[PDB]
Amino acid sequence: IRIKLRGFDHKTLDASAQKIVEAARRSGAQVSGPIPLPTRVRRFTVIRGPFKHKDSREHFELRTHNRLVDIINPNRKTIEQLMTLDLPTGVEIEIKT
Amino acid sequence: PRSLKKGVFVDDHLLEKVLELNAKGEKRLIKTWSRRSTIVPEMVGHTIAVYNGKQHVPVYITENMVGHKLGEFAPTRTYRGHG
Amino acid sequence: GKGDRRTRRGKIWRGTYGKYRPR
Amino acid sequence: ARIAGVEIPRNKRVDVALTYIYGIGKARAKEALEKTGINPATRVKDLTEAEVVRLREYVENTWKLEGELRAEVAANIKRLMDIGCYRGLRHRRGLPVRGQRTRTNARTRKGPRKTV
Amino acid sequence: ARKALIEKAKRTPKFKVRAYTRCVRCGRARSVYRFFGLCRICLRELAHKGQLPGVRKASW
Amino acid sequence: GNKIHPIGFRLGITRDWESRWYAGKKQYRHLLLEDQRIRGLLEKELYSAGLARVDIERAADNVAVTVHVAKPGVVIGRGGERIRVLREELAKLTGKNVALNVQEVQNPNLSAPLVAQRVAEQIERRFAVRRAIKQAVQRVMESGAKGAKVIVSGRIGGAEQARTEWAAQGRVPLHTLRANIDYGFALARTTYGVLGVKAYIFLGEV
Amino acid sequence: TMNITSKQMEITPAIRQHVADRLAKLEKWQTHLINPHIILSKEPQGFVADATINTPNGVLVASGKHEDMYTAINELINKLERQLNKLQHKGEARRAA
Amino acid sequence: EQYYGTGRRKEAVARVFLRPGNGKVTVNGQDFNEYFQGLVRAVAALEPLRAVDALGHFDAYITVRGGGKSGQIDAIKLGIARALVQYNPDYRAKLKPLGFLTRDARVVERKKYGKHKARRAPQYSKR
Amino acid sequence: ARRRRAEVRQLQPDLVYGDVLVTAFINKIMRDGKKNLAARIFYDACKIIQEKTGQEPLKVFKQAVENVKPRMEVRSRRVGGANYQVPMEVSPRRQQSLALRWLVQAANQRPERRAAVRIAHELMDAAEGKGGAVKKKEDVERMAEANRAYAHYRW
RNA sequence: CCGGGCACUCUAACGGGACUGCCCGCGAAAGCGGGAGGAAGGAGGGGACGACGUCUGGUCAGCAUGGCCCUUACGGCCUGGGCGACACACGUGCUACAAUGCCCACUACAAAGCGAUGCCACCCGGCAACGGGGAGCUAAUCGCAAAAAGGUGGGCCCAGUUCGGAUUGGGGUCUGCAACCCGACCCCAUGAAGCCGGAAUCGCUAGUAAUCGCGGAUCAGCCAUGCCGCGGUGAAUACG
Ligand SMILES: [Mg+2]
Ligand SMILES: [Mg+2]
Ligand SMILES: [Mg+2]
Ligand SMILES: [Mg+2]
Ligand SMILES: [Mg+2]
Ligand SMILES: [Mg+2]
Ligand SMILES: [Mg+2]
Ligand SMILES: [Mg+2]
Ligand SMILES: [Mg+2]
Ligand SMILES: [Mg+2]
Ligand SMILES: [Mg+2]
Ligand SMILES: [Mg+2]
Ligand SMILES: [Mg+2]
Ligand SMILES: [Mg+2]
Ligand SMILES: [Mg+2]
Ligand SMILES: [Mg+2]
Ligand SMILES: [Mg+2]
Ligand SMILES: [Mg+2]
Ligand SMILES: [Mg+2]
Ligand SMILES: [Mg+2]
Ligand SMILES: [Mg+2]
Ligand SMILES: [Mg+2]
Ligand SMILES: [Mg+2]
Ligand SMILES: [Mg+2]
Ligand SMILES: [Mg+2]
Ligand SMILES: [Mg+2]
Ligand SMILES: [Mg+2]
Ligand SMILES: [Mg+2]
Ligand SMILES: [Mg+2]
Ligand SMILES: [Mg+2]
Ligand SMILES: [Mg+2]
Ligand SMILES: [Mg+2]
Ligand SMILES: [Mg+2]
Ligand SMILES: [Mg+2]
Ligand SMILES: [Zn+2]
């Protein structure tokens, strides 16, 4: 019964984990509240200028955040409105059982 | 070097030219661009012309020069010393 | 010894293994 | 001249002392002292002529050594140089053999610094 | 030797060793990131515009 | 040369990306290549429109591309006419479900990237550059901005000695992160080479 | 020892040696000329001879410019002389009071 | 029955469990002296309790995670100092003036581009 | 430095004597931030100085410190065209440092093979006014005495 | 580890929090000296951020671009070579010259990252590199994994050595169409210089310097001792 929330934007991660954990807590019944998983970090460190100048860099990062919510007592009055819930663009969702 | 498990490497296209020379009864100069190639026991007694990048170099091949590559005996760098 | 492959200390450095530093 | 042609250091442990033979490192050292059942910890100055001749006998008979080992290395290079391979060339000039950079360094093959 | 080369990188090769990355934007052969298809420079330009999803300037 | 890009500098504080979509390592590059190609035709065809931003959303082989602009009509075509002719060439590159929308600009004179394009065009038309600048700045300030600054560099007026001109009114705190500063750049071709116009607009501190 | 760089130019061992010959003018002052570096370059308006040298009492950094390469090398030397002599005698400047 | 402080230093974290007892001590599933053997830095972890004469009055079970042995020693020093103040709040006087309550924020400072380490610059020769 | 004076760092007392000074001296034994080893050697030394001389490490060490404290030193100041060696009193902070530095240094010039022994010995000899460390102090003190004539040249 | 529980460690989002706010003293004032409270105190440590401008600074070889130049060639494809040359000279670094050390073994404590023809537990073969088997993991689960210095025990005994690991012979493993030029690794043998470095000269003011290992980007492999990060242990000294 697992919903898994992953994105590049942490404000939209808590968005979806609000509006998801709110859905099942209404139409039945047990939600295992939004868990913040550790973030996977991809750094990009690069010479600033186009030519030589090795000692000056600019640091870039890529935060792929992680969230997980569990629907414990399923109660399929939810499993329908979940086939229809409003996803912000910047997030992928994972459900398996 | 190249693993004992895998083959002994010769470019196929040189070996054919060698073997053809064995049958008809050898021997003429064999121009080749195959420095990568192993000298092989059936190559012994030829004189193959190996490329260095500019010249095709005459190498009479002998019994003692058998495991070594083709390029080992056609040098790539001109050097007569300094000053 | 960090430059002596033939020791434990060598192989930690080169980041490798063998008779002298086994896994 | 104990083994084999060389008088290995007394006052030393046999495992170490044997290393003072051309052709015997840590490896071959531990190996002979096993094949002849002697303690490495025994100071050479403490060996039975018995223990000694056991050591001597094995070592001279299983591995090529001293002058004969050198002759071969000479003979190996001797031939490499005469067949005219590229490793032979590097020997023929006293230069490095294993692909090392020679724009700088290379001092062990070259000798210390030569004026211009 | 450039456009011929920005081309020869796209074409599937006579041996797989010859595979090499060019920056998908500018064609640069060196300092090309796998993850973006970008060289170190281009990465900086787009990232500055914000045309790289999630990618921001790190400070710690 | 020293100053950082005021956009990349404010991402996630005063400004938000032109491409919002998650991906994993196998897909990121390939999608982004499309988004490059996408802006290629669109920034090309829509220049005439007065193009200011090309927003891009994504889910799975279907994509929401929000174009912002000063003249929605050039983007529309006749009753949906051109707007479509794009979605066909578009979904031919896209190879997929290409939702192509149009967004208005409340003022091209409060939009940096625009003001820059203008002056670039003014100077490709042999206008007196120093004039162009003070003017463009006066226009942005009349339209209510809390500050403005424009910059031209290159063989100004056709000089050999390249030169750099700029003007400013009000405030333009490039050092301040809570300052909302739209930045825009245009490249002006001429018979004698490339000048570069940089536009700065200070909308207000948040 | 003394090093000469010819930037975007081809110069002969002759010209190289001529530089050694002009630089020796500095040995007059009898102090250690440590790792002297001469750089020769051809700007649009004439050649440039730059040099950077450390001595026990400091560094000589200077540059010559002239339509003639030889003449620039000389002007370089003057600038170097003056600096070197200023190094060697500035210390004497205040033995009283 | 139980007294607790959270103790931290560097990357080291220590959940400390004070209990009354005879004065025997244990860190992460083995005897103290068995886990800190030969580290003269040790007895400083048990130092906060000496400042208030609680050597033998207490047993202690402790987990310790992250950092190294001395940082952990440092954390432990903080945790057992911490817990005393809930066991007994009037205990601040004779713990703060001895710097025991406070947690030093001294953390391995960041390596910077253009340098070899955090601050160590690379060698250069002007001429 | 340029703005305001420097602040001496307060050291943490040593857990075998609680002594601010044994700490400092430990540190001066420490190569490469290997303090544990630095303690071992020191403590080992004490064991030795207990064994070979039946009295207190602490009491001994503290003497060999007082006996290597330089009271005066020369510090250079060019006047005119000569670099004069000026005589100066040494502030106790510096006195300590010099004493500790020298003790270790003198010790590490000794021939006995193990680091623990040398320390033990240098301290023994210095508590009794012998050894390189004390010899450094005297050289330094004679040097300052000789240059007594330039005392009014002091800052 | 299972029931069980989120206390705690943590993880990761939102807040609080320091303000010279209070106290005495000095001061016209801004502030300065100081005490208390407090995790933290006078910018808390670090970071991101670089004014008008200067060097006619750097890059037409990342890219863009005026102009000039080439058009069976100054365009293009390939095989091989070169970029890896070596009387010399300079810059950056690694590893050392040893006992505060070296080797063998037994035994501990990190953090940041990375991982679907990818990381690979475990089993087997081989002294080993590695080979063959083969479970898990779209990864706070599974794996790279061992952190190392450290700790306990044992050897070495001041020797160009049980220091140092360069050079060279021989034998293998792997990637790769292919390792002569020219890869890396393993193992036997070899076992150089080097005994702390003239003139001169670099870094760093605290979790810094020094020392220690671990990751990453690039990448088939790799000449990485380079670079960007991460933690471990952890000083000296600042009159001026
Ligand atoms: Mg560098
Ligand atoms: Mg060794
Ligand atoms: Mg030997
Ligand atoms: Mg070479
Ligand atoms: Mg091109
Ligand atoms: Mg490749
Ligand atoms: Mg590449
Ligand atoms: Mg200059
Ligand atoms: Mg001097
Ligand atoms: Mg944390
Ligand atoms: Mg560190
Ligand atoms: Mg530099
Ligand atoms: Mg001394
Ligand atoms: Mg809670
Ligand atoms: Mg110029
Ligand atoms: Mg170009
Ligand atoms: Mg051009
Ligand atoms: Mg024209
Ligand atoms: Mg090169
Ligand atoms: Mg030199
Ligand atoms: Mg290096
Ligand atoms: Mg990798
Ligand atoms: Mg020797
Ligand atoms: Mg010698
Ligand atoms: Mg040796
Ligand atoms: Mg010695
Ligand atoms: Mg030195
Ligand atoms: Mg040293
Ligand atoms: Mg040196
Ligand atoms: Mg500073
Ligand atoms: Mg070392
Ligand atoms: Mg590494
Ligand atoms: Mg690699
Ligand atoms: Mg090499
Ligand atoms: Zn690029």
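Per the deposition metadata, X-ray crystallography was the technique used to determine this entry, at a resolution of 2.8000 Å.

Looking at the PDB entry, one finds chain F named 30S ribosomal protein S3, with Thermus thermophilus HB8 as its source organism. In its PDB record the entry is named "Crystal structure of the Pyrrhocoricin antimicrobial peptide bound to the Thermus thermophilus 70S ribosome". UniProt lists a comment for chain F under the heading Function, and it reads "Binds the lower part of the 30S subunit head. Binds mRNA in the 70S ribosome, positioning it for translation." The UniProt entry for chain F carries this comment under Sequence similarities: "Belongs to the universal ribosomal protein uS3 family."

The PDB entry annotates chain B as 30S ribosomal protein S19 of Thermus thermophilus HB8. Of chain B, the UniProt comment under Sequence similarities reads exactly: "Belongs to the universal ribosomal protein uS19 family."

A. Inspection of the overall build of chain F at higher detail. Across its full length, chain F holds 5 helices and 8 strands. The order of helices and strands in chain F, counted from the N terminus, is α-β-β-β-α-α-β-α-α-β-β-β-β. Relative to the 2.2 N^0.38 estimate, which gives 17 Å for 206 residues, the radius of gyration of chain F is 18 Å and therefore close to what a compact globule would have. A principal-axis box enclosing the C-alpha atoms of chain F has dimensions of 50 × 40 × 30 Å. In chain F, the share of contacts with a sequence separation of at least 24, taken over all contacts with a separation of at least 6, comes to 58%.

B. Expanded view of the interface of chain F and chain E. Contact with chain F, which involves 18 residues of that partner, is made by 19 residues of chain E. Among the residues of chain F in contact with chain E, F:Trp17, F:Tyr28 and F:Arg29 are the three that bury the most area, contributing 36% of the side total. In this assembly, chain F and chain E are joined by 0 salt bridges. Our enumeration of links across chain F and chain E arrives at 9 residue pairs in polar contact. In terms of residue class, the side of chain F that touches chain E is built from 9 nonpolar, 5 polar and 4 charged.

C. Broad picture of the UniProt feature "domain: KH type-2" in chain F. Within this numbering scheme, the UniProt entry marks residues 38–106 of chain F as carrying the feature "domain: KH type-2". Here residues 38–106 of chain F is 39% helix and 32% strand, with 25 Å between the C-alpha atoms at its ends.

D. Focus on the protein's contact with RNA strand J. B:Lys5, B:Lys69, H:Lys96, H:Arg110 and I:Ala115 are the nearest of the 215 residues found near RNA strand J. Among all atoms of RNA strand J positioned within 4 Å of the protein, those belonging to sugar or phosphate total 77%. One nitrogen or oxygen atom from the side chain of C:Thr16 is found 2.7 Å from a phosphate oxygen belonging to RNA strand J. Within the side chain of E:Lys57, an N or O atom sits 3.1 Å from a phosphate oxygen of RNA strand J. Broken down by element, the surface near RNA strand J gets its largest block of residues, 9 residues, from strand 2 (residues 31–47) of chain A.

E. Fine view of a positive patch on the surface. Residues C:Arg5, C:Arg14, D:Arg79, D:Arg87 and D:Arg98 make up a contiguous surface patch of positive charge. Note that C:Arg14 resides in helix 1 (residues 8–14).

Parameters at a glance
- Residues numbered from 1 in each chain as written, not as in the entry; some residues may be left out.
- Chains lettered and ligands numbered in written order.
- Part of a larger assembly, values for the part shown.
- Heavy atoms only, no water.
- Residues with missing side-chain atoms left out of burial classes, pairs and counts.
- UniProt positions renumbered as here; feature names shortened; annotations may be inferred.
- Helix = DSSP H or I, 4+ residues; strand = E, 2+ residues; numbered from the N terminus.
- Rg over C-alpha atoms; globule rule 2.2 N^0.38 Å.
- Contact = heavy atoms within 4.5 Å.
- Buried area = accessible area lost by both parts, 1.4 Å probe.
- Salt bridge = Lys/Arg side-chain N within 4 Å of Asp/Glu carboxyl O.
- Polar contact = N/O pair within 3.5 Å; in protein donor to acceptor, adjacent residues only side chain to side chain.
- Nonpolar A, V, L, I, M, F, W, Y, C, P; charged D, E, K, R; others polar.
- Near = heavy atom within 4 Å.
- Patch = residues over 30% accessible without salt bridge, like charges linked within 9 Å, V, L, I, M, F, W, Y side chains within 5 Å.
- Areas by Shrake-Rupley, 256 points an atom, 1.4 Å probe, with all protein chains shown as cover.
- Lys, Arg positive; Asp, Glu negative; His and termini not counted.
- Charge placed at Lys NZ, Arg CZ, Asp CG, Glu CD.

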